[PDB]
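# Breakdown of the fold
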Amino acid sequence: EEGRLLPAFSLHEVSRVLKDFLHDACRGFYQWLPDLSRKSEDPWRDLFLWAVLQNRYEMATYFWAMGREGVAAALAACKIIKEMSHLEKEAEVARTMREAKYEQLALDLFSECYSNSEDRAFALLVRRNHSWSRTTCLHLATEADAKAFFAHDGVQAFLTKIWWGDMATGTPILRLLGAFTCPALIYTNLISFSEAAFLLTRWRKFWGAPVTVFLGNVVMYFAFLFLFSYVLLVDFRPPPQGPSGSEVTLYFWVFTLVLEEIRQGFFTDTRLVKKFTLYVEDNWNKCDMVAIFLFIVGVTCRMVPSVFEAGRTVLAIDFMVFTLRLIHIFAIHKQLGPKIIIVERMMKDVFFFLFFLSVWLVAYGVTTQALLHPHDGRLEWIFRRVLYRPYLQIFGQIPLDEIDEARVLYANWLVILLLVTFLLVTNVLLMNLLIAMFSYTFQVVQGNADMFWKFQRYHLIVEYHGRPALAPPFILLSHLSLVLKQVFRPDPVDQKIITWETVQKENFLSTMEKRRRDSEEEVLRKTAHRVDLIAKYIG
Amino acid sequence: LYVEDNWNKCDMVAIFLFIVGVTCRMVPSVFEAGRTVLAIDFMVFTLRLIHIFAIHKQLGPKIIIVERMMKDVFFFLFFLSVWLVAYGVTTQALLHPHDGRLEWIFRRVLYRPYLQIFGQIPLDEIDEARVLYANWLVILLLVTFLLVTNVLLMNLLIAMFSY
Amino acid sequence: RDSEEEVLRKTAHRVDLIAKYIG
Amino acid sequence: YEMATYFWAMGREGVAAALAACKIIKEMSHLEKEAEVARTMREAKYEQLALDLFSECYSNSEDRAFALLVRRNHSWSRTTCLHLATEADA
Ligand SMILES: [Ca+2]
Ligand SMILES: [Ca+2]
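Residues numbered from 1 in each chain as written, not as in the entry; some residues may be left out. Chains lettered and ligands numbered in written order. Part of a larger assembly, values for the part shown. Heavy atoms only, no water. Residues with missing side-chain atoms left out of burial classes, pairs and counts.

What the deposited record gives as its method is cryo-EM, and the resolution it gives is 3.8 Å.

Printed below as a string of structure tokens:
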């Protein structure tokens, strides 16, 4: 009905709703109508789609059992099933729709392929899939948000192997740090290296790894952070030219940084609105953008010498933001990652707890004010006292100074009782409500924690892999080279892989069936039927 | 095999410290620093006294547990100290314009985060400074600290502890 | 030997043999 | 595995051999070229059989069990049981 502006709809509308579900995955399905008498190009896939759309599980499983390119289809089906759960009109059907469980079959099959010939499993995982409009498996895995699939051991092994590039090895951390510190030690055999121009290629293969680029970027970031702290500490001078030197240096640094950020956010694209949405998707980019906004406000400060102080405070806030951004490295470490994710998860309820505690604080302060003394000549001093008292509760200083003076004694005991009630109920709740959800996310959501950590690992890895192969200063030269290049401008092993995949799938299915066959309950059922038949035939 | 044991390793480092103390006793001009070295060596010898706690059935497993959970606490302290420093540097700009002597600033900026655990909260300079826009930011940052550190230092700890 | 699963397996084999021999 | 278990069932000086086998199995896990074989290699579980047998001997005549535990083992080049237990980090 919307497009037009024995049922009427044809295969055109089916292709349209499919593209609506998956844009880059299956945009070209059923290329307006062709000749109906023509045979199908890939029958099993079409039947699989028709089955899974009508929410007919067993039919879909069977159709999948007779088709090629298994894991890709299994992930796409999970995507479509999870999609057709919010658009459901009946909650009864919505529950069973949300009970699809295709990702389980996908992971099971992929484990079966990974068990043997993992060297081919890795090729499959990045192989182009022919039926689904030339789309890689990881793209579908991402579009389906299949966190469970990433958590697979083979996926993590592939991530690790890509994390070290061609120079992969065991590579102890200290040995790597030393080899990076000693530019000549790399030519020696300090670590294993996989297979005038020779030394150039060797150094290229060295710096091309992701780990070394990550270390270099974190070193440069830490160094620039320290240097900016220095320039803000002592070089915050009047607007003569000399003081502005370090300032314009930091300005150029921030310019290169924001250029690299906008490149990583906008050229990593169908539409400009698509690039904007995907850039706004990440929260790290969000704090990056707010930090650049704060730095712009600081530049506006540097423009005007009359409001230099408030703008110095703005620069201080921007530095606080840049320092908060330094926690980005804690996710990569196996010991620090999950802890950081846990701390991130438990950040919601603590805010409301602080809100309630502050509300209670204020009521106590206002009450104490009436009982403290009659009126006040200056609001300021009262502001200082009434602010410091509840703020010092955590401190434990308990400066009942004014109260002692006031007694010189009926308002003291009420204050003591209220402070005791606070130091008990807050002390209790702040860990009681905390430990429950903490152990929850740690054990019952241990899977959630590990999965989120592995997901962030994959994201960081794929982000740093495409990182520019140059210094952030030289990144300008890289962009210029790209713009200049823009202005100036197999099959048989694939069939072997496909046959191997189908064979492994058939073997896995047969093994699952045979294992189900000899279960105890099936044995009792069969023996019961048999003894009943024997008893009937005998009499 | 001798280097395999860690107890022998601290034994050897203690003998090294005692050798440095002997070298001190050789020279009367550097007697003070060497007295500090002897103090450190005595601290090491005293730390070695925990060796007996392993034999007792009640103290042994507890000592082993304390030994096991000694890795993550170091990185936690590292992160906490990093956060401490950023807050201190920020507060410095908002505190006041420049500084005539680095020393006093060193004492203040060291004592403040060190006193957070203490709870003394010597916002003395801040009170003087107001004589008032930098105070509330300091209070908010100290509250954020005394909540998030208080939370994590037992949240991340109890999981691995019960583990 | 005398585990429950082994008992069920043996009894199943036995009843199957009996059913085959009888008919 | 099964061949090794059977061969062990027909031999003397049990627990010493059972610990030495665990040592060798744990050793031949880092020197493996294929992770698939490495997993099942690391799934050896000989120390379980060693401990089970030693418990069986300890159940009766512990006065002799203690002698066995420090006895010299003839086949393994005159080596005590505890030495193998240590070298295997059992
Ligand atoms: Ca960014
Ligand atoms: Ca010693």
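For the rest of this paragraph, the subject is the overall build of chain A. If you tally the helices and strands in chain A, you get 26 helices and 2 strands. Its C-alpha atoms give chain A a radius of gyration of 32 Å, clearly above 24 Å, the size a compact globule of 539 residues would have. C-alpha atoms of chain A, sized along the principal axes, occupy 105 × 85 × 65 Å. (Helix = DSSP H or I, 4+ residues; strand = E, 2+ residues; numbered from the N terminus. Rg over C-alpha atoms; globule rule 2.2 N^0.38 Å.)

Moving on, we get to the overall build of chain B. Counting its secondary structure elements, chain B contains 7 helices and 0 strands. For 163 residues, the compact-globule estimate of 2.2 N^0.38 gives 15 Å, and chain B exceeds it by more than 25% at 22 Å. In terms of its C-alpha atoms, chain B occupies a principal-axis envelope of roughly 60 × 55 × 25 Å.

In this section: the interface of chain B and chain A. Contact residues are listed per partner, giving 15 residues for chain B and 12 residues for chain A. At the level of elements, helix 4 (72-95) and helix 7 (135-162) of chain B are the ones that each hand at least two residues to the side of chain B that touches chain A. Sort the elements by how many residues they give to the side of chain B that touches chain A and helix 7 of chain B lands first, with 7 residues. Residue classes in the side of chain B that touches chain A are distributed as 12 nonpolar, 3 polar and no charged. (Contact = heavy atoms within 4.5 Å. Nonpolar A, V, L, I, M, F, W, Y, C, P; charged D, E, K, R; others polar.)

Residue and element names in this part refer to chain A. Summarizing the sequence annotation, UniProt attributes the feature "transmembrane region" (unreviewed entry) to residues 206-230, 287-308, 351-372 and 410-430 in the numbering used throughout. In this annotation, residues 287-308 is assigned 82% helix and 0% strand; the end-to-end C-alpha distance for the span is 24 Å. Secondary structure within residues 351-372 divides into 100% helix and 0% strand; the distance between the first and last C-alpha atoms comes to 31 Å. (UniProt positions renumbered as here; feature names shortened; annotations may be inferred.)

Chain A puts 5 residues into the contact, and the matching count from chain C is 6 residues. Of the residues belonging to the side of chain A that touches chain C, the class tally is 1 nonpolar, 1 polar and 3 charged.

On to unusual backbone geometry. Even without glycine at this site, B:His98 takes up a positive phi of about 65 degrees. Relative to the helices and strands, B:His98 resides in the loop between helix 4 and helix 5 (102-118).

Our next topic: the packing of aromatic side chains. Residue and element names in this part refer to chain A. Ring plane angle 70 degrees and centroid distance 5.6 Å describe the contact between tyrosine 57 and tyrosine 102, whose orientation is recorded as edge-to-face. Within this pair, whereas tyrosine 57 is found in helix 3 (residues 57-65), its partner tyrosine 102 is found in the loop between helix 5 (91-98) and helix 6 (103-115), the two being separated by 45 residues in sequence. Centroid distance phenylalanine 224 to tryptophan 253: 4.8 Å. Interplanar angle 5 degrees. Geometry classified as stacked. Here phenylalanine 224, found in helix 13 (residues 210-233), pairs with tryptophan 253, found in helix 14 (residues 241-266); they are 29 residues apart in sequence, far enough to count as distant. Chaining the aromatic ring pairs together yields one cluster made of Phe110, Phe149, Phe150, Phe455 and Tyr458. We note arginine 45 situated over the ring of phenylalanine 29; from NZ or CZ to the ring centre the distance is 5.4 Å. Its end group placed over the ring of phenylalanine 193, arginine 202 keeps NZ or CZ at 4.3 Å from the ring centre. (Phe/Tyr/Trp six-rings, centres within 6.5 Å; stacked < 30°, edge-to-face > 60°. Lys NZ or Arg CZ within 6 Å of the ring centre and 35° of its normal.)

The highest contact count of any of the 3 pairs of chains in contact belongs to chains A and B. In this assembly chain B lies apart from chain D, the nearest approach of their C-alpha atoms being 13 Å. One finds no contact linking chain C with chain D; the least C-alpha distance across the pair is 18 Å.

Packed helix pairs are characterised by how far apart their axes lie and by the angle those axes make with each other. Residue and element names in this part refer to chain D. Contact geometry of helix 4 (residues 47-59) with helix 5 (residues 62-70) gives a least axis separation of 7 Å together with a crossing angle of 140 degrees. Relative to helix 5, the element helix 4 is oriented oblique. Between helix 4, through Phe54, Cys57 and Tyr58, and helix 5, the contact on the second element is made entirely by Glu62, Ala65, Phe66, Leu68 and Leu69. Considering only residue class, the contact of helix 4 with helix 5 consists of 7 nonpolar, no polar and 1 charged. (Axes fitted to C-alpha atoms, helices over the stretch in contact; angles between N-to-C directions. Parallel < 35°, antiparallel > 145°, perpendicular 65-115°, else oblique.)

Moving on, we get to the pattern of salt bridges. Between C:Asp16 and A:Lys526 there is a salt bridge, with the nearest N and O atoms lying 3.9 Å from each other. Pair noted here: C:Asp16 is in helix 1 (residues 4-22) and A:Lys526 is in helix 26 (residues 520-538), and the two residues belong to different chains. Among the ionic pairs, A:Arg530 bridges to C:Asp16, the shortest N-O distance being 2.9 Å. On the criterion of chain membership, the pair formed by A:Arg530 in helix 26 and C:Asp16 in helix 1 is interchain, its members lying in two chains. It is possible to trace a salt-bridge network through shared partners that takes in A:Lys526, A:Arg530 and C:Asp16. (Salt bridge = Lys/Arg side-chain N within 4 Å of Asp/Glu carboxyl O.)

Another aspect to go through is the environment of D:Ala38. Summarising the element assignment, D:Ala38 is placed in helix 3 (residues 35-42). Filtering out sequence-adjacent residues up to four positions away, D:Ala38 remains in contact with D:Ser29 and D:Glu32.

The contact between helix 26 of chain A and helix 1 of chain C brings their axes to 10 Å, and the two run at 25 degrees. The angle between helix 26 of chain A and helix 1 of chain C falls in the class roughly parallel. Relative to helix 1 of chain C, the crossing made by helix 26 of chain A is left-handed. Along its contact with helix 26 of chain A, which presents A:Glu520, A:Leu524, A:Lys526, A:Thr527 and A:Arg530, the element helix 1 of chain C presents C:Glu5, C:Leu8, C:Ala12, C:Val15, C:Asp16 and C:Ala19. Its residues assigned to classes, the contact of helix 26 of chain A with helix 1 of chain C shows 5 nonpolar, 1 polar and 5 charged. (Left-handed = near helix turned anticlockwise from the far one by under 90°.)

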